[PDB]
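Taking it in order: structure first as structure tokens, then the write-up.
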Amino acid sequence: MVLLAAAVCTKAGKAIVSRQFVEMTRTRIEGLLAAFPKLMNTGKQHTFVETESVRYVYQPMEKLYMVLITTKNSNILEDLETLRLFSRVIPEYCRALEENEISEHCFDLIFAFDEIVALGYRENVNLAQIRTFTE
Amino acid sequence: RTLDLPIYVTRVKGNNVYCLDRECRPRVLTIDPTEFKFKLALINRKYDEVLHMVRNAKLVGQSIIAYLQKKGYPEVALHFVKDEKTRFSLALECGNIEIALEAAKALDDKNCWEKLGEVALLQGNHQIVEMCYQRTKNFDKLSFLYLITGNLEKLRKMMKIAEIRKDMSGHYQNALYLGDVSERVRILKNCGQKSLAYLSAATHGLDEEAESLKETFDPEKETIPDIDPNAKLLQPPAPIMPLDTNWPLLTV
Amino acid sequence: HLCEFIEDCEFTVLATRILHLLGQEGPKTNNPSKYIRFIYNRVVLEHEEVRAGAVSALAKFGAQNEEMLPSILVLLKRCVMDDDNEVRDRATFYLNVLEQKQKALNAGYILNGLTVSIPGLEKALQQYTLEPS
Amino acid sequence: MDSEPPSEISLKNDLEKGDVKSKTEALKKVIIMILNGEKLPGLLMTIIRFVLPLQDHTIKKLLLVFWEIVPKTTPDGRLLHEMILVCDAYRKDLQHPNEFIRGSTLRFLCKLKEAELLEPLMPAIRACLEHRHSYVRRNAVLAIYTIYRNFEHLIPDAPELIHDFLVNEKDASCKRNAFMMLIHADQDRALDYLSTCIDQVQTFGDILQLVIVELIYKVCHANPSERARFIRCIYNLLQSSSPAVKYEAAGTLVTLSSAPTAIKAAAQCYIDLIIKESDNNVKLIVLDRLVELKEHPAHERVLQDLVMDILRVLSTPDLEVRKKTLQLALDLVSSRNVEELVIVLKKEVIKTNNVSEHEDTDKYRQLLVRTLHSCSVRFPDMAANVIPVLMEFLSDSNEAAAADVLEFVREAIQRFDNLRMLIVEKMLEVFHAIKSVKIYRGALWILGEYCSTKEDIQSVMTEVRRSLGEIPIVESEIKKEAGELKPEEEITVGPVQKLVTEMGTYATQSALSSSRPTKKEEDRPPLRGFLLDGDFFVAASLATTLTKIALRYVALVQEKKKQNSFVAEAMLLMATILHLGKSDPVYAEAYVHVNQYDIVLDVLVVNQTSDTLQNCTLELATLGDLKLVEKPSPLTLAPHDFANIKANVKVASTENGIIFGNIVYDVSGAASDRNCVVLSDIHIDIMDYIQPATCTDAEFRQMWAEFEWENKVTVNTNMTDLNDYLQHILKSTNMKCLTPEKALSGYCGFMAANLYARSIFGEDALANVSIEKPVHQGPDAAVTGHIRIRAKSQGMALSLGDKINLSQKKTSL
Amino acid sequence: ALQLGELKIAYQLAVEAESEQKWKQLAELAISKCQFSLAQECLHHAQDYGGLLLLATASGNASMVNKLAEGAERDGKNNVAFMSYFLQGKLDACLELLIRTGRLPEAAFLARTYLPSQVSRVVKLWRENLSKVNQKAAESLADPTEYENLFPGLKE
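Chains as they are written, first to last, in PDB author numbering: chain H, 1 to 135; chain C, 562 to 813; chain E, 438 to 570; chain G, 16 to 598, 739 to 968; chain D, 648 to 803.
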């Protein structure tokens with residue numbers, strides 16, 4: 001792992017759906033996402049912002065944050081690129097971000113998270129690839 | 562003892578203490594021979610009495626098992642020594658660090674070995690210091706200590722195991738400290754310090770080794786620095802037959 | 438004690454009062470060191486008239502009490518109680534008279550270290566009309 | 016189901032229903048409640064039963080999902096086996112013709128470091144040995160590596176199964192798509208293979224090769240990945256005096272301060288640095304390279320200096336960029352700071368030239384005069400420039416505009432003795448139209464000191480002396496001033512002697528001279544007339560009089576150390592000042748013990764009673780900022796049990812909803828009304844909750860101003876200095892003694908500590924401990940100290956006030 | 648001047664008082680050419696006590712090695728110091744370095760080694776130091792009773 005979790009957040013003060021690749025961040029996932037994404041991840045409208053010693057990468061969509069978190073890093077381009085591919089995959093499942101529709105497609109999003117980032121290493125995904133799985 | 566409610570002592574008349582609170586519900590408590598006997602006994606320097614006295618109604622952590630490691634001439638300290646730390650402490654307070662090394666060991670730690678080794682040098686004996694200092698890896702401190710101590714055999718052991726570290730104020734020392742300088746010459750050769758190796762060697766009249774270093778590396782040995790490059794180095798090493806690793810002691 | 442309040446919002450006037458009074462009495466009732474420490478901070482961030490007041494007071498404070506001279510020197514060398522603007526001019530004079538000169542002048546000048554004017558008791562009449570307005 | 020922890024009974028019902036959608040939704044609802052962290056094992060048999068063999072991917076994918084986030088915990092429908100209900104019929108899943116189900120299965124199966132699934136994950140690499148996508152081959156190198164991680168560092172995971180077992184990492188290098196999960200601990204042959212791959216790259220894959228093996232001999236060979244490493248490699252091959260001219264660092268760097276002025280301000284800094292490496296005196300700090308954009312040829316077209324002018328700023332771009340820019344003008348070009356500060360100041364300071372640089376607010380004008388003038392005091396060359404510019408400042412000819420001008424220049428003359436003779440005649444001019452103090456003060460000082468030079472003085476002074484405006488402070492300044500320099504060298508209808516007469520009247524005397532002075536009664540109470548009245552021993556003549564004083568400067572006056580100076584350009588300084596730079740019966744006995752730096756609250760729990768207390772449990776609680784690092788764990792407190800139970804303690808936490816008192820300790824036992832009782836172990840205070848923080852003199856000063864600290868007490872046992880009892884006690888009410896607020900000498904020398912804390916109470920805490928230790932014949936109260944205290948509504952002020960007396964606890968059980 | 652290999656010109660350019668960075672570059676260049684002489688001077692101007700000693704303590708007469716280690720004695724850079732002083736059978740400030748640091752036992756020990764019987768005083772000063780530095784069972788205040796041994800216990 002380099003990538004702790006890949007997480008979709010609502011800044012309602014909770015992690016709406018999230019993925020723990022291997023059992024580590026269960027409950028931990030919700031508290032991080034709930035506090036930090038509310039402040040714009042503590043950002044200023046900057047894609048990288050780091051708070052409480054955890055790197056948060058994000059994109060705001062409505063009252064929701066699509067969030068990538070790492071606390072270690074292998075390369076600059078890479079962290080954005082998994083988030084980015086995630087952002088192609090997320091409106092296919094939920095038609096933008098929105099807590100109720102995100103909630104309903106926990107399975108869809110979660111499965112994509114496992115597929116996209118496997119054991120914290122950023123694999124690649126695409127909307128057609130996603131189909132074989134949810135078929 | 563603790564009660565389960567906040568309370569006011571009504572007063573003490575007799576062994577009991579009696580209490581009533583704001584609402585005025587009572588609590589009574591017999592004054593025990595628990596905590597009281599233990600320290601009445603320890604004060605009157607009884608440790609034999611105190612072992613019975615030790616119960617789990619008064620054991621705590623530091624009133625029996627580590628409060629008794631609080632004498633600079635150990636008395637209480639001797640009795641409780643069960644913690645590897647309390648054992649360490651006990652040793653410096655006596656000044657006999659034989660116990661220290663073991664506590665220091667059981668504390669699994671280097672720092673303790675160097676600090677007890679220093680205390681050791683203070684009681685006077687350097688065998689004990691060597692052992693400690695060797696395993697903290699202060700071969701260079703040892704190298705320094707060693708002519709001071711008057712050993713030459715031990716002083717050589719330090720030189721090699723400080724050679725490899727390239728401690729230039731460790732490996733370097735010992736050659737000076739024995740009457741001939743040859744030890745340096747090889748260590749310095751391995752450092753690649755050919756100049757330094759030649760100067761050291763040359764002065765002792767080991768011009769041949771000095772030359773080897775020049776020949777392997779850049780030559781020019783002719784130069785005379787602000788120090789001599791060829792003037793006699795010879796020292797008579799340690800006139801003492803019994804060394805100060807064998808510093809005498811009786812110990813009180 | 439009152440000076441403990443607020444460092445520079447307390448105003449030019451309170452600092453001027455503790456300063457003027459500490460200068461003039463030359464406390465042996467309490468140690469002047471608290472007073473001096475309190476005034477020293479206030480001067481930095483408050484108006485010219487008090488900072489100028491503080492140097493001149495210190496000088497009179499010197500002339501009346503010998504003891505005091507060491508504090509005068511730490512205060513006056515500072516960029517505050519001297520070397521600001523008005524504070525500098527008064528200070529250059531007051532300092533030079535204490536430091537340099539005989540102090541015939543300094544001695545003469547302190548008669549207690551009194552105020553600049555002695556009026557009547559102004560407050561009470563003012564207060565009478567002002568309250569039910 | 017966003018997060019609803021009680022819903023597990025409905026999920027079981029929904030999980031099998033004969034409708035596939037409902038089953039999927041149910042299993043989905045389980046996933047979302049676990050991820051948040053909520054109840055899940057009740058369901059297990061139901062969950063597992065529909066999905067198991069099928070090639071129908073969606074339920075299978077859903078079940079596959081739930082096996083990587085909780086498989087181990089849930090056991091109703093799974094239990095413990097080698098071929099669990101996670102993988103038994105998921106060997107089918109692995110061996111389906113559809114790549115997705117196999118691929119997914121492979122991917123979760125190998126992901127687990129589970130030992131109850133170690134065997135089923137090993138030939139699970141079969142599912143992706145054939146590579147129908149880039150995803151399949153990547154999935155495979157990552158899964159073999161994850162198998163290697165899961166207890167197979169030896170021969171179970173290292174060779175090939177039929178094509179990969181730790182060999183996709185080799186294969187990937189030469190195949191069309193790359194990805195190397197080989198970062199650590201894996202085949203040497205693949206590492207070598209990645210190097211070859213640098214050339215025949217796949218770009219995502221190149222970032223994977225590259226985390227493992229970096230540094231190239233080339234320029235590049237292509238793609239962002241190689242490119243990103245490359246700027247790292249370049250900085251190596253030329254470290255020397257920063258990067259100077261930023262490499263491929265520039266692209267990320269802008270976003271690093273997207274909020275918005277700060278980027279330009281930063282950019283301006285680098286551009287200034289880059290221009291040249293100058294002398295590097297006080298605010299001449301430009302590093303980087305000496306020549307790379309030079310400075311100052313006379314054949315260079317359209318020159319370097321055009322960019323240098325931007326940096327000279329009034330605000331010419333916006334304030335953040337302005338503060339950076341003023342420092343940056345100073346930094347490329349000056350002598351120190353002085354040269355370019357005078358030019359810069361000339362532009363800023365008030366004139367008759369431009370009315371976009373003059374303003375009728377007196378302090379700013381004055382400050383600007385002092386900034387220009389401080390440059391002279393710093394450096395000589397500037398004296399010559401400053402005085403004529405100062406006369407232009409005067410020429411504005413508003414009462415106030417003259418006034419500010421006169422005030423600094425007069426200070427300059429104290430420094431600059433009979434050098435500024437020339438200015439006096441200009442300075443008189445605007446002294447007649449008057450509505451303020453300042454003009455009178457300053458003018459009277461110039462005209463006064465300068466008398467030898469001029470002869471006008473009865474005429475100039477007299478219009479003002481019989482004119483009105485505001486005159487308090489006028490008195491002080493005219494008092495030391497009016498006679499000075501040469502005894503009889505003036506005359507218009509009042510020579511220098513009339514002036515000494517006048518000077519004395521204005522100070523506090525009375526005399527017809529200059530048609531009488533405006534006022535006589537002096538400024539602030541201490542000043543009075545008398546010193547100067549005594550003075551003028553030799554009538555206004557350079558000797559040992561007013562003239563001496565006037566043509567001399569009080570203490571050292573040099574530089575921009577603020578000794579007749581003001582420290583750069585007045586507007587830039589406001590910003591720098593702002594910058595604070597802050598850095739059921741139960742019996743308990745107890746003591747706190749420390750062994751091998753483990754801090755524990757020892758508790759002994761005692762049942763003196765014959766009665767039953769079984770059901771005995773022991774807990775240490777989290778009250779607020781107090782916390783258990785592990786409660787006492789024995790099931791003790793039984794009929795006539797004495798036990799020693801250790802509860803570990805922490806002091807730092809986050810507020811819990813239960814009570815906030817001393818320490819809560821809970822023992823449980825038999826009873827059904829008071830099954831749980833709260834009983835105490837020894838004292839811990841409310842004070843713990845405060846959090847220590849520190850201040851510097853600027854933060855302390857700011858906070859002093861910010862909110863009142865009038866409140867004081869005198870605390871006994873502050874006989875001692877700051878360092879001893881007072882620090883230790885102050886520490887326990889999470890405070891710390893930092894910077895001073897003292898003024899020590901032979902009469903002064905109370906010890907002063909500036910305290911700070913930032914309490915978890917919605918307040919800060921500050922105090923000053925003044926220790927009244929006698930340095931005078933009349934101390935306050937002798938040894939003892941008065942602590943002047945505050946907090947932000949002074950609710951913690953009080954804590955400081957009494958927790959600096961004494962404080963000690965001990966027991967000896 | 649370094650490039651040309653003009654040591655002297657590089658030496659003027661450094662300038663004898665400070666510019667230690669210049670001198671350290673020059674000192675290494677001087678050692679390379681095996682011109683020890685220029686090197687000893689560069690190292691002096693550089694100061695470089697640890698390095699300077701290595702070139703310098705190769706003397707065998709300690710000719711210019713004490714100065715560059717005078718500090719070292721009392722800085723706890725004892726090691727640098729011992730090599731300086733003990734180099735031709737002389738006790739130049741060997742003992743002294745040991746006293747200065749507070750490594751008093753080691754001065755006693757040295758004194759025994761070369762026996763001018765100075766040991767009696769060093770052992771005493773040291774023994775006293777044990778009593779102050781909390782030892783009671785090895786307290787040392789005796790002549791051989793409480794651990795350590797003053798000179799009559801000792802011998803050549």
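In this text, a Cβ means the ideal position worked out from N, Cα and C, and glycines have one as well.
Selection of the stretch 829-846 of chain G by Cβ proximity to chain C, strictly under 9 Å:
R829, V832, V833, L834, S835, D836
Are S624 (chain C) and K600 (chain C) close, meaning C-beta to C-beta below 9 Å?
As a working mapping, residue 624 (chain C) is identified with position 63 in the second sequence. As a working mapping, residue 600 (chain C) is identified with position 39 in the second sequence. For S624 (chain C) and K600 (chain C), yes; Cβs fall inside 9 Å.
Exposed or buried, which one is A265 (chain G) when buried takes at least 16 other CB atoms within 10 Å?
Indexing the fourth sequence from 1 puts residue 265 (chain G) at position 250. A265 (chain G) should be labelled exposed.
For the beta strand (DSSP E) that contains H748 (chain G), what are its first and last residues?
Reading the fourth sequence from its first residue, position 593 is the one you call residue 748 (chain G). Element bounds for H748 (chain G): 742-750.
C466 (chain G) and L443 (chain G): beta carbons closer than 9 Å?
Counting from 1 along the fourth sequence, the entry for residue 466 (chain G) is found at position 451. Counting from 1 along the fourth sequence, the entry for residue 443 (chain G) is found at position 428. No.
Taking a contact to mean a Cβ-Cβ separation below 9 Å, would you say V680 (chain C) touches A661 (chain C) in this structure?
For this step, residue 680 (chain C) is matched to residue 119 along the second sequence. For this step, residue 661 (chain C) is matched to residue 100 along the second sequence. Yes. Within cutoff.
Return the residues of the stretch 96-110 of chain H that lie within a Cβ-Cβ distance of less than 7 Å from chain G, sorted by chain order.
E99, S103, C106, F107, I110
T704 (chain D): which of C:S773, C:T777, C:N699, C:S756 sits nearest, CA to CA?
For the purposes of this step, residue 704 (chain D) is taken as residue 57 along the fifth sequence, with counting starting at 1. Nearest C-alpha to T704 (chain D): C:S756.
To the nearest angstrom, how far is it from the Cα of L308 (chain G) to the Cα of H484 (chain E)?
Taking the first residue of the fourth sequence as position 1, residue 308 (chain G) is located at position 293. Taking the first residue of the third sequence as position 1, residue 484 (chain E) is located at position 47. About 47 Å.
Name the one or two DSSP bridge partners that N577 (chain C) has.
On the second sequence, residue 577 (chain C) is found 16 positions in, with the first residue counted as 1. Answer is C:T591, bridged to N577 (chain C).
Specify, as a first and last residue, the run of the beta strand (DSSP E) that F219 (chain G) falls within.
Working through the fourth sequence from its first residue, we reach residue 219 (chain G) at position 204. Here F219 (chain G) belongs to no beta strand (DSSP E); instead the alpha helix (DSSP H) covers 218-227.
Look up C831 (chain G) in the DSSP assignment and say whether it is helix, strand or coil.
Here residue 831 (chain G) refers to the residue found at position 676 of the fourth sequence. Here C831 (chain G) sits in strand by DSSP.
Could one say the Cβ of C655 (chain C) lies closer than 9 Å to chain D's Cβ atoms, at least one of them?
The residue given as residue 655 (chain C) occupies position 94 in the second sequence. Yes - at least one Cβ of chain D is within 9 Å of the one on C655 (chain C).
Using the three-state DSSP reduction, which class does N803 (chain G) fall into: helix, strand or coil?
Indexing the fourth sequence from 1 puts residue 803 (chain G) at position 648. Note: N803 (chain G) maps to strand in three-state DSSP.
Between the stretch 234-251 of chain G and the stretch 217-226 of chain G, do at least 3 Cβ pairs fall closer than 8 Å?
yes
In chain order, which continuous runs of the beta strand (DSSP E) of length 3 or greater are located wholly inside the stretch 839-913 of chain G?
867-870, 906-912
Proximity winner among G:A277, G:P794, G:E292, G:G457, relative to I428 (chain G) (alpha-carbon distances):
The residue you call residue 428 (chain G) lines up with position 413 of the fourth sequence. Closest by alpha carbon: G:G457.
Answer with buried or exposed for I24 (chain G), where buried requires no fewer than 16 other C-beta atoms within 10 angstroms of its C-beta.
Residue 24 (chain G) sits at position 9 when you count from the first residue of the fourth sequence. Exposed, by the Cβ-count rule.
Smallest Cα separation from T211 (chain G): which of G:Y232, G:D471, G:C189?
Taking the fourth sequence and counting its residues from 1, one reaches residue 211 (chain G) at position 196. Selected option, being the one with the closest Cα: G:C189.
Proximity test, Cβ basis, 9 Å: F86 (chain H) and chain G:
Translated into positions along the first sequence, residue 86 (chain H) becomes position 86. No, because no Cβ of chain G sits closer than 9 Å to the Cβ of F86 (chain H).
Where does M802 (chain C) fall in DSSP's three states?
Counting from one through the second sequence, the residue named residue 802 (chain C) turns up at place 241. Of the three classes helix, strand and coil, the one that applies to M802 (chain C) here is coil, per DSSP.
Please compile the residues from chain C whose C-beta is within a distance smaller than 7 Å of the C-beta of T792 (chain D).
In the fifth sequence, residue 792 (chain D) corresponds to position 145, counting from 1. Correct list: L811, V813.
May I have the straight-line CA-CA distance separating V582 (chain G) from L299 (chain G), to the nearest angstrom?
Start at 1 with the first residue of the fourth sequence, and residue 582 (chain G) comes out as number 567. Start at 1 with the first residue of the fourth sequence, and residue 299 (chain G) comes out as number 284. Going by the C-alpha atoms only, they are around 14 Å apart.
Mapping the DSSP letters down to three states, classify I754 (chain G) as helix, strand or coil.
Translated into the one-based positions of the fourth sequence, residue 754 (chain G) becomes position 599. Strand, per DSSP.
Every unbroken alpha helix (DSSP H) within the stretch 764-804 of chain G, with a cutoff of 4 residues, ordered by chain:
none
Taking DSSP as the reference, what is the three-state secondary structure of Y121 (chain H)?
The sequence position of residue 121 (chain H) within the first sequence is 121, counting from 1. In the structure shown, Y121 (chain H) sits in a strand (DSSP, three-state: E or B).
Over what stretch of residues does the beta strand (DSSP E) that includes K698 (chain C) continue unbroken?
Indexing the second sequence from 1 puts residue 698 (chain C) at position 137. Premise fails: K698 (chain C) is in no beta strand (DSSP E) and is neither H nor E.
Consider the Cβ of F599 (chain C): report whether some Cβ of chain G lies at a distance smaller than 9 Å.
Walking along the second sequence from the start, residue 599 (chain C) turns up at place 38. Yes, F599 (chain C) counts as interfacial toward chain G.
Would you check if the distance between the CB atom of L774 (chain C) and the CB atom of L737 (chain C) is smaller than 9 Å?
Working through the second sequence from its first residue, we reach residue 774 (chain C) at position 213. Working through the second sequence from its first residue, we reach residue 737 (chain C) at position 176. The answer is no: Cβ separation not under 9 Å.
Using only alpha-carbon positions, find the residue among H:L127, H:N41, H:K38 that is nearest to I90 (chain H).
Counted from its first residue, the first sequence places residue 90 (chain H) at position 90. Of the listed residues, the one whose Cα sits closest to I90 (chain H) is H:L127.
Is the number of C-beta pairs between the stretch 818-837 of chain G and the stretch 556-566 of chain G that are closer than 8 Å three or more?
no
Could you tell me whether the stretch 887-906 of chain G touches the stretch 916-934 of chain G, where touching means 3 or more Cβ pairs closer than 8 Å?
yes
Going along the stretch 44-76 of chain G in order, which residues come within less than 8 Å of chain H, judged by CB to CB distance?
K44, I46, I47, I49, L50, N51, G52, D71, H72, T73, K76
Can we say the stretch 488-503 of chain E touches the stretch 520-537 of chain E, given the rule of at least three CB pairs closer than 8 Å?
yes
If we call anything under 9 Å between Cβ atoms a contact, is residue 973 (chain G) one with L775 (chain G)?
Residue 973 (chain G) cannot be examined here, being either before or after the span of chain G that is shown, 16 to 968.
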